[PDB]
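So basically every Cβ, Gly included, is an ideal-geometry build from the backbone, and we count neighbours across all protein chains shown. Bear in mind that the values in this text are calculations on the coordinates, not laboratory data.
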Amino acid sequence: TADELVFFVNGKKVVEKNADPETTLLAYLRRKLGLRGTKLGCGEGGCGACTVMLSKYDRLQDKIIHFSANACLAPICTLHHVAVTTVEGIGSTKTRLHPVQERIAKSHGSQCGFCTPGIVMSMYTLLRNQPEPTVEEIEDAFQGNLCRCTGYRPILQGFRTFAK
Amino acid sequence: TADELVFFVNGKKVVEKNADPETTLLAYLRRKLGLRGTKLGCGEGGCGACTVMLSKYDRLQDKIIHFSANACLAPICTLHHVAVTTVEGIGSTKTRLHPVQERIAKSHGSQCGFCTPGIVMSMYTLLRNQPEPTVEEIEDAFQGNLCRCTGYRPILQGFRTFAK
Amino acid sequence: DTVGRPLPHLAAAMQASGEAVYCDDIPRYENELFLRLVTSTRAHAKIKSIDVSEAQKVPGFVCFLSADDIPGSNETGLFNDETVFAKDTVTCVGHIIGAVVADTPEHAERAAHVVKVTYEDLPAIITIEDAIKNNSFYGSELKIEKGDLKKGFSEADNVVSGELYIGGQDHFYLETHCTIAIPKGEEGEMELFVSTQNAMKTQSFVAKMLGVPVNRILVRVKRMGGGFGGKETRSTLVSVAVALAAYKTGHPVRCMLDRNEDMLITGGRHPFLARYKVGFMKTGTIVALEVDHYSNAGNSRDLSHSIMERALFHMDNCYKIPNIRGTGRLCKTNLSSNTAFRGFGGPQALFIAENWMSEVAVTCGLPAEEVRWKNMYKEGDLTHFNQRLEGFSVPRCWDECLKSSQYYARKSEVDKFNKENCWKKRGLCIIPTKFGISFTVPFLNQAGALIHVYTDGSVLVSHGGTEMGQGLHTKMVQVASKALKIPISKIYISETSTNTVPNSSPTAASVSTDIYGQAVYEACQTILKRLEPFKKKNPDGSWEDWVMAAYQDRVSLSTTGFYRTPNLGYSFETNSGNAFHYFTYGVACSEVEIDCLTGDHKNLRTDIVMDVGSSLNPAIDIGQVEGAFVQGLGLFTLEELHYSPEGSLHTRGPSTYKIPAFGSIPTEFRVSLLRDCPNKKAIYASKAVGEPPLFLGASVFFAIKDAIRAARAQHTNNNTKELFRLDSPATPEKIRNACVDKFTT
Amino acid sequence: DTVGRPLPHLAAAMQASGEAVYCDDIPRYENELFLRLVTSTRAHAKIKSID
Amino acid sequence: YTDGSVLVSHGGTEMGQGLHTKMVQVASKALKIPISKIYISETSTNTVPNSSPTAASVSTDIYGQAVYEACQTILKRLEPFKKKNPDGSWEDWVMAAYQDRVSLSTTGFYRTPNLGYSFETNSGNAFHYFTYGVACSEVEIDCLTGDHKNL
Amino acid sequence: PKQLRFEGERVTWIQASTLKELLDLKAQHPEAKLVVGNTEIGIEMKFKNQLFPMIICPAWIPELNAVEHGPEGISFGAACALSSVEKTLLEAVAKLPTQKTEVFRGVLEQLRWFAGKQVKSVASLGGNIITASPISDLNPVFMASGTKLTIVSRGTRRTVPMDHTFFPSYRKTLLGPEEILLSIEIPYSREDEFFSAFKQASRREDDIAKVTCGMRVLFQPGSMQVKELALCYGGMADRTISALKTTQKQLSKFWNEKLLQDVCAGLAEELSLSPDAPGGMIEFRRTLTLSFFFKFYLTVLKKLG
Ligand SMILES: Cc1cc2nc3c(=O)[nH]c(=O)nc-3n(C[C@H](O)[C@H](O)[C@H](O)COP(=O)(O)OP(=O)(O)OC[C@H]3O[C@@H](n4cnc5c(N)ncnc54)[C@H](O)[C@@H]3O)c2cc1C
Ligand SMILES: Nc1nc2c(c(=O)[nH]1)N[C@H]1C(S)=C(S)[C@@H](COP(=O)(O)O)O[C@H]1N2
Ligand SMILES: Sc1ncnc2[nH]cnc12
Ligand code: MOS
Ligand code: MOS
Ligand code: FES
Ligand code: FES
Ligand code: FES
Ligand code: FES
C-alpha cells in the first residue's frame, strides 16, 4: 500500500522500501548509508556544511541539470529518480583527489576542516555547470557557505586559479 | 503463516516473531539479547562453558522442574513456554553476588575465569533441586564441565561447604 | 628539516575528502542509545513539577533522567557552584534540569520537546545595570594601582570621562558539543570520545559525578571542528549528562547538540561595561587614568575571575601611563554562565583603552597616529603591573605598517572623498596591540609528552595538547623531526588521551606550541642520548639500524618529557613578580566606506604587520593571523546577541546571528610577518600566535567611527572637537542613528 | 601491605558473575562483519582451482 | 592522578595466572598505599612499546621490577612535599606536587643482568636461577581393562 | 510517470504527477500542505513545532514549472525555483531596452544578497509568496507592481493583480481552502514608468522588523506629473502593507522638493510605530522608510531631467 522510493547516491542505486516523509537527506546519508563526509552545522539552511550536488534529467528542458542543495532541508521524498553526489563521490586519498580537493588543501584553505566538504561541493557544482568560470562567478558560489577559522582569503586565492 | 515463539529469560518475556529452526540458544542469548555471561567453548556438548538452567511446568508430572542444559545444542524452537536462567540472572557485583558466586571466587576456584559461569550454573541447578546435597551429589554435578587452569581441588573444597 | 617552511596542515587532504573523523562521525554500536537535554524556559524559578507521561508515548523512548538518578555527586563546575541537574530551583533560561534517552536522535528530540515543566517565577537579574543596583557580585573587587592619582589629575590640563559598553559573542565553532560514552560493565570503567580542549577536567567531573576513582575513566580526543575557548570547560555539561546515561542504562550513549541548543546552553564571551576618567596635557600626553570594569558573568563562576585578571593586565595597551588605577567586578546574573573565548578578557580591556585614546586625540584636535605614538612605551619600560618590556617591537611594526599601507597618501584621498561626497563617507584608522603570553594561573604552565620508537624505526608521539584546526600536531611533528633529524614521514601523532599523558592543562592561552614543543623536545634528547652508542658503532648505517641494535641490546625506546615555565608568579599585593613569559605584538590599518543613509558599510582594505619571532610555519601563522582578525571584525561590527525583557535569548541560528561571510572581508587583505626578530624565550625562537591578533579587528571599528565623525561634520553641527558615544558592536542600526541628519530628526 | 598474603585474584568476583569481558563479549558495531578461514584438506598438494 | 588514584600499565598480559593481582600487590607495598587506590586496565602497544611475549614464567620477576622502579621515581619526586607536610595524607602530597608543577608520570624499565650462554666455549649463564620441587604419587591399575585410579 | 504514496510514523506524503491529481487531492483534503523546496515547512516542523499529517508535493507538474513570454510580461510556474526566475530575468534584461525592464531589475536586486545558491536552487516562487512572511523581500515588489497571480481549484480559475487586500492578517493570504497558486506574471514597465527596490542590511528577530520595499511611479506622457504612485513595505507591521493614504495625496502633483517633503511627512505619520512595537529598532526603521524614498526620489530625477 506504499510505493518504493528509488534514487542514486554516488552512481549507486538506493531502493527505499519504507520511506518516511520526515526523513532528511542529511540524516539518510549519515545514519542509513554510513557516508559521513556531509556534515551537520545548523539544520536551518544557513551554513552549508551539508552541501551536496543534485543531478536530474529535466523532462521539460530536455537536458541533464546539475545544481547544489542543502541536505539538511531536502526531504528524501522529493528525490525519486534524482542523482546525489557527495564529497566521497568525487575523489579520495585512497585513490586520487579531485582538483577542487587538492587545491583547497595545498593553499591552506582548510584549518579545523569541518566546513571543507561543503565548500568543496559548492566549487565542484560551479565547475560542472561552467568549466571555465570568472573570478566573479567564483566568489558568488559561496554565499551559503560559512567558515570560522580561515577568514576566507586563502580559499578564494586557491580557487581563483580556475578562472579567466 | 508462522507462529510466534514465546519464552522467558531471567524472569523477562521474549516474543520471537520470526524464529529460525536452526538458531541455537547460545547464539540467541549472545547475539540477539546481548547477554554474554554464557560462553562458547566447543559447540559439541563436551565442555559445559555454555551451561544454563531450564525451568518448566510439567503438564504430566504436575510440578515445576529445574534442570541444567547445554545452550550450544538447544534449539530455541524446543523452548516455547520454557524459562531460561543465566549467570546474570542469579547475582551481580552491581547488586549482590549469589552464594554460589561468592564461594567459588573467594576459594580461588577461578583463574582465567572462562569456565566459571558454566560451573556456577551447574552448582546452582543442583541446589535448586536439593537445598542440602551430599559431597557425592556435588562431585557428580560436574561431569559435563571442563576447567584447564585450576586442577579442580579448590572448586570442590569451596563447594563442599554446602554439604551434609 | 621543515621548521620555518610553509608545510600544509597534516590532515588538510583528508579534511577536503571527508575522510577525517570527528566525534559524531564514529560508527555506532548496535545497542547504542541517544541523549537530549531538557532545559529551563525560565530565567529564575522554583520547579514545582516534571511530567513525563507524554514523553513516554514516543516510540523508542527509553527513560528520563534527573538529579535523583545520580549515584555520586550532583555538585560540579570549576568552583563547585554548579549542579549537573537542577533540583528545586532554576537560575537561567538554558539551565539543565534533566535528560531524555531514546533509540534514535529523532526520537530523542520528539520526546524532550514534550516533557512538561511547571514553574513558579522568582524575580530576576539580567543586565549589568541590574547587578550593580542589586549589588550582585561573585567575590570581591579586583585592583591594580601605580603612582599617585591625586596629583596626576591635579596637574592635568584636561580631563575626559564617560561610559562604554561591549556586547558578548557566540563561539560558532562549525562543529557543536559532542560526547560518546562507552560503559565496560567492570569496576566502574568507562571510555569517552569527546569534542573538548580539556580532557583532564572531563575525566575529573565524570568520576566525581559517578562516585568513582579518576583511574577508572579514559577520555580520548582526536580532533575538534573548532574550539575558540568554548570547549575549555563548558563541554562537560554535555559530557557528564551522557556519562550518567551510560552508567544507568548499561549501553553506549551519545549526543551532539543542535546549533540552537549550543548557543542557549554553553556560554559565550563576557560583555563588559566600563566607567572611565583620563587626565592629559594639551600635547596629548597622558598623565592619569582610572577605570572600573564590570563583566556579565552569568549563573556560575567558571573562568570569570581569570578573565577579569587578564583584562586588568591589558588596560594599558601599548601606552606608558604614570598614574593609574583599574578595578574589576564580576556580575552574578540569571543568564547562562559565560566562559573563555579567544582573547580571554584582553580584547575587552584593549577596546576600552583605544576608545578613551581616540577621545584624547579629538579633544586636543591633533591627528590620531601622532597622539598614539607620543604615548608609547619605549624599550625597557615597566608596565602598570611592574613587568619589564624586553624586545618590545611595536615601534618597528608601526613603522613598516605606515610605509607599506601608504598611510599618509591614502589619508589625503579620504579627505578628498569626504569633500566631494554627501551621503557616503570614508574612514581610516591605525591601531597597535600587545598581548601577554602565559596562563595567569602559575600552576597551569606545565606540559608533558610521551614518545615511543618501534623496531621498524617509526615513531609515535603523544602530548597533552589537542587539535582544533590551529595546526598543533603539524607543528609538533616539525619539532620532533628537526630534533631527532629524521624526515616527518617517519613520525605520527594519533590522538590525545588521559592514559598516555595525565593531568594536563586545557589546550588554551596560546602557549601550547611553546610548552608541548618543549616537552616533545626533551623526550627527543633522551632518545638521542640512548641511541648515541649505536650511532658510534655503526657511523655509516641508517636510523633503522641504530634502533634495532638498541632494541637487541635491551636499551628502552620509550620516554616521557616535561616542561615547567620558569620565573612566573605575579602578586596582587606587592604589585610584582612576572605574570607573563614575554609579549606578542602587532599593528593593523583599515579603511572602510559607509552608507550614511542605510547604516551599511564596505571594508575596502586592511594591512597587518605582526611579530611572531621566527615562525615554525609561516603558512599556519599567517592563517592564524587572518582567522583571529576576522573573528575580531565579527565581534566589533557584525555579531550581536539579543535577549527578551524576561532574559530569554532570541538569536539562536545563522539567520539571526551573523558571523563574517565570504563577502564580509576587506577587498584588499594584506598580512606580513616581521623579519629578523628571534624570541630567546620559546621553542626554536618562535612566538605564540593564536589570540594576540584578534584585537586588531578593532581597527575596522575605529575606521567606521572616523567616518561617522565626517558624516556628522557634514549634517549635524560645527563642533569638530565633539565627542559622541559608540558602543560595540557597531551594527547598521548604531551607524545610521549616529549619522544624525534631516531624517533622524 | 599485602605481599605474602592469600589475596583472591582481583577479577575473580566478576568472572563468577559473567561481567568480566573477553574478546567476543565486546559489543558489535552496527556495520560489523564476520570472517571464517578456508583451510586445506590435503597434507601436501598443488592448488589447481578455487571455486 | 590529582585525586591520588594510580593507573599502572606494563608489558605483561593476564591469562588467569594472576599477574595484575601481583603487580598491584607490588605497587601497593612500594608506594605504601592500600591496593584499593591502584588500578590496571589492559595491556596496550601505545602505553608500553616493544614488549616480549608474556612467557617463560618470568613475567612477575621482570614486570615486578619495572613497576618497582617507576614507584621509586614517584616517591623521590613526592619526597620534598612529604617533608613540608609530614602529618598530611597521600592525597595532600599529590595535590601539592601538582600545584607546584612537578610531573606525576613516569616510565620504568628492567634488564636481567649477567645472561648469555655460548654453544661454543660451553659457558656463560643461560638462566638467572632455578625453581625446584618434588612430587610423590600412588595409583591403582585394573590389569584386565587398562583403567586406573589416582589414589 | 505516475502518482506515488509514502507512509510514515506521523505523515502521509503524496507526490502528484498531474494538475488534475493535485486539485482532486486538495479538494478531498483541504487541510493538507503543499511542499516544493521544504525551506519553510521543514523549519516549522523542527523549530516552530508544527505537525502536518498530510503533505502533497506538486513539483513534478508541468504548469507550475512553465516559463511563458506574453505581451503583458513574463509568466512563471509557481514551483519554479528562485534561480530559474533569476536566470530568466537576467536574460530578458540583457536583451530588451531599459525602459521595459524596471520591475525586472527590482526583482533582481531583492534577489542579490538573498541566501546562497543552495537555497535559491530549491526555494519556489509560489512558496515565498504564499508563506506571507512580514519580512518577505519579494511580496513588497510584487504588490507595488500589481504582478498578476493565477489562482485555481477544481472548478474555479481567476487572475487578480496583487494589492493590499491580498494579505488580510498575520501570515494569511486571500485564497480559499481548496485553492492553489498556479502562476505569476511579472509585468514589463510602460513609458514614463520607473521602479526601485531596497532592503535593510542585517536582521535580528525571526520574521519581524526588517525594512524591505518596492516603489513605483507613473507619469503623464513626456511630463513630470504623477499619475500613479505605489510604496509598499515589509518589516513595518505583521504583514506587507502599502502607504495608500500618503500616495493618494500626491496624485496630479509635480516631482520636486515639495513632493519630497509631503511624502516624508506622510510616511512618518502613516507608518509610525509604538515604542513597544515587536522587533524594536523604532527610530532606525522610521529613518529607513524615509531614506529609501529619498533614494527613489533621486533615482527617478536622474532617469528624467
Ligand atoms: C537560509 C534561508 C534564507 C532565506 N532568505 C530569505 C530572504 O532573504 N528573503 C525572503 O523573502 N525569504 C527568504 N527565505 C525564505 C525562502 O525564500 C522560502 O523558504 C521559500 O521561497 C519558500 O519556498 P519553498 O518552496 O521552499 O516553500 P515550502 O517550504 O515547500 O512551502 C511554503 C509554503 O507555501 C505553500 N505553497 C507552496 N506552493 C504553493 C502553491 N503553488 N499554491 C499554494 N500554496 C503553496 C505551502 O503550502 C507552504 O505553506 C530564506 C529561507 C532560508 C532557508
Ligand atoms: N582554526 C582554529 N584556530 C584557533 C582556535 C580554533 O578553535 N580553531 N582556537 C584559538 C584559541 S582560543 C587558542 S587559545 C589557540 C590555542 O592553541 P595553541 O595554544 O596551539 O595556539 O588557538 C587559536 N586558534
Ligand atoms: S590567562 C588564561 N587564558 C586562557 N585560558 C585560561 N585558563 C586559565 N587562565 C587562562
Ligand atoms: O585560551 Mo583559548 O581557549 S580562549
Ligand atoms: O612460556 Mo608459556 O607461554 S608456553
Ligand atoms: S547544516 Fe547548516 S545549512 Fe544544512
Ligand atoms: S576550517 Fe574551521 S570552519 Fe572552515
Ligand atoms: S560450548 Fe562446550 S558444551 Fe556448549
Ligand atoms: S579457570 Fe581457566 S578454564 Fe577454568
* Summing -39500 (n - 2.57) over the DSSP H runs of n ≥ 4 in chain B and dividing by its residue number, what mean residue ellipticity at 222 nm do you reach, to the nearest 500 deg cm²/dmol? -> -6000 deg cm²/dmol
* To do: Would you kindly state how much longer the chain becomes between F:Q220 and F:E31 on full extension, computed as 0.36 nm times their sequence separation minus their alpha carbon distance, in nm to one decimal?
  => 63.3 nm
* Asked: Could the peptides C:627-638, C:500-511, C:161-172 be put in order, highest first, of the mean number of other beta-carbon atoms found within 10 Å of their residues?
  -> C:627-638, C:500-511, C:161-172
* What are the nm distances, shortest first, from A:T134 to its equivalents in the other copies, labels at 7 Å along Cα→Cβ? -> 10.5
* Looking at chain F, what % of the alpha carbon pairs are farther apart than 38 Å? -> 16
* With a sphere of radius 12 Å drawn around the Cβ of F:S121, what net charge do the other residues whose Cβ falls strictly inside it have (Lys, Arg +1; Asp, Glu -1)? -> +3
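According to the Cα gyration tensor, what semi-axes, each the square root of 5 times an eigenvalue, does the equivalent ellipsoid of the stretch C:441-580 have, listed from largest to smallest in whole Å? Write down the numbers at each step before the final one.
Details: eigenvalues 217, 51, 31 Å².
Taking √(5λ) for each eigenvalue gives 33, 16, 12 Å, largest first.
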* Find how many whole Å separate the alpha carbon centroid of the stretch C:660-691 from the alpha carbon centroid of the stretch C:516-591. => 24
* Positive-end extreme of charge dipole, chain F - chosen from F:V226, F:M162, F:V300 (charges on Cβ) -> F:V300
* Ordering of F:205-211, E:16-22, C:362-368 by burial proxy (mean other Cβ atoms within 10 Å per residue, highest first) -> F:205-211, E:16-22, C:362-368
* Asked: Summing -39500 (n - 2.57) over the DSSP H runs of n ≥ 4 in chain C and dividing by its residue number, what mean residue ellipticity at 222 nm do you reach, to the nearest 500 deg cm²/dmol?
  -> -9000 deg cm²/dmol
* Structure fact -> Contact order relative to length for the stretch F:64-189, counting C-alpha pairs under 8 Å separated by 6 or more residues, stands in percent at 33
* What order, most packed first, do the peptides C:237-248, F:99-110 have when packing is the mean number of other Cβ atoms within 10 Å of each residue? -> C:237-248, F:99-110
* Dipole magnitude of the protein assembly as shown, debye to nearest 20 (Cβ charges: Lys/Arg +1, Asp/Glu -1, about Cα centre) -> 2180
* In debye to the nearest 20, how big a dipole does chain D give about its Cα centre with +1 on each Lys and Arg Cβ and -1 on each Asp and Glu Cβ? -> 560
* To do: From other protein chains only, count the Cβ atoms within 10 Å of every residue's Cβ in C:439-451, then give the mean.
  => 2
* Karplus (6.51, -1.76, 1.60) ³J(HN,Hα), θ = phi - 60°, over the stretch D:37-51, in Hz, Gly and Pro reported as x -> 5, 10, 10, 4, 9, 10, 4, 7, 6, 7, 8, 9, 6, 10, 10
* Asked: Rounded, prolate or oblate: which fits the stretch A:91-164 when a ≥ b ≥ c are the square roots of the eigenvalues of the alpha-carbon gyration tensor, with rounded for a/c under 1.5 and prolate only if a/b beats b/c?
  -> oblate
* Asked: Other chains' Cβ within 10 Å of C:648-661 residues: what's the mean?
  -> 5
* Structure fact -> Here the stretch F:95-104 yields Karplus 3J(HN,Hα) values (6.51, -1.76, 1.60; θ = phi - 60°; whole Hz; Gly and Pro given as x) of 9, 9, x, 3, 5, 9, 10, 5, 5, 4
* Structure fact -> Taking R0 as 35 Å and r as the Cβ-Cβ distance between B:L146 and A:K32, the FRET efficiency 1/(1 + (r/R0)^6), rounded to the nearest 0.05, comes to 0.20
* **Crossing angle, helix E:59-84 versus chain E [Cα axis fit, 0-90 degrees, rounded to tens]** => 20
* Any idea what the relative contact order of chain B is, in percent, if you count C-alpha pairs under 8 Å spaced at least 6 apart? -> 24
* Among F:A277, F:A32, F:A197, which one moves the most in a GNM of chain F with springs linking Cα atoms closer than 10 Å? -> F:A277
* Asked: Measuring label to label, 7 Å along Cα→Cβ, what does B:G11 give against each other copy in nm, shortest first?
  -> 5.9
* When N is the residue count of the stretch B:2-86, what does its C-alpha Rg come to as a fraction of 2.2 N^0.38 Å? -> 1.06
* All other residues with a Cβ under 12 Å from the Cβ of A:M123 taken together, and with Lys, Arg as +1 and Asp, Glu as -1, what is their net charge? -> 0
* Structure fact -> What helix-only [θ] at 222 nm does chain F give? Using -39500 (n - 2.57) per DSSP H run of at least 4, over all residues, to the nearest 500, the answer is -8500 deg cm²/dmol
* For the stretch C:441-580, with +1 on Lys and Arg beta carbons and -1 on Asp and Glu, the positive-most of C:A508, C:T466, C:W543 along the dipole -> C:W543
* **3J(HN,Hα) from dihedral phi, the stretch E:92-97, Karplus parametrisation 6.51/-1.76/1.60, rounded to Hz, x for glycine, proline** => 5, 4, 4, 4, 6, 4
* Asked: According to the square roots a ≥ b ≥ c of the eigenvalues of the Cα gyration tensor, what is the shape class of chain C, taking rounded for a/c under 1.5, prolate for a/b larger than b/c otherwise, and oblate for the remainder?
  -> oblate
* **Peptide-level mean, for B:101-110, of C-beta atoms on other protein chains within 10 Å** => 5
* Normalising by the residue count of the stretch E:1-108, find the relative contact order in percent from Cα pairs under 8 Å and 6+ residues apart. => 35
* Rounded to whole Å and sorted largest first, what semi-axes of the equivalent ellipsoid does the C-alpha gyration tensor of the stretch C:643-745 yield via the square root of 5 times each eigenvalue? -> 36, 23, 14
* Asked: Of the trypsin sites (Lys or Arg not before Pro) in the stretch C:5-92, which ones lie in a loop per DSSP and count no more than 15 other C-beta atoms within 10 Å?
  -> C:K87
* Please give the direction-averaged projected area of the C-alpha convex hull for the protein assembly as shown, in square nanometres with one decimal. => 73.1
* If amide H atoms are built 1.01 Å from N in the plane of the peptide, which residues on other chains or at least 5 residues away come under 5 Å of the amide H of C:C63? -> C:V101
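Can you give the local net charge around B:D3? Use residues other than it whose beta-carbon is closer than 14 angstrom to its beta-carbon, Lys and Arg +1, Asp and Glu -1. Walk me through the numbers before you get to the answer.
Numbers: positive: B:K17; negative: B:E4, B:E16, B:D20.
Taking every other residue near B:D3 into account, the sum is -2.
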* Asked: With charges only on Cβ, +1 for K and R and -1 for D and E, what is the dipole size of the stretch A:91-164 about its Cα centre, in debye, rounded to 20?
  -> 360
* Structure fact -> With label points set 7 Å from each Cα along the Cα-to-Cβ direction at C:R530 and E:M95, the distance between them in nm comes to 3.5
* How high is the FRET efficiency from C:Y408 to C:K150, r the C-beta distance, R0 51 Å, rounded to 0.05? -> 0.80
* **Leading residue at positive end of dipole, the protein assembly as shown (Cβ point charges), from B:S55, D:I26, C:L568** => C:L568
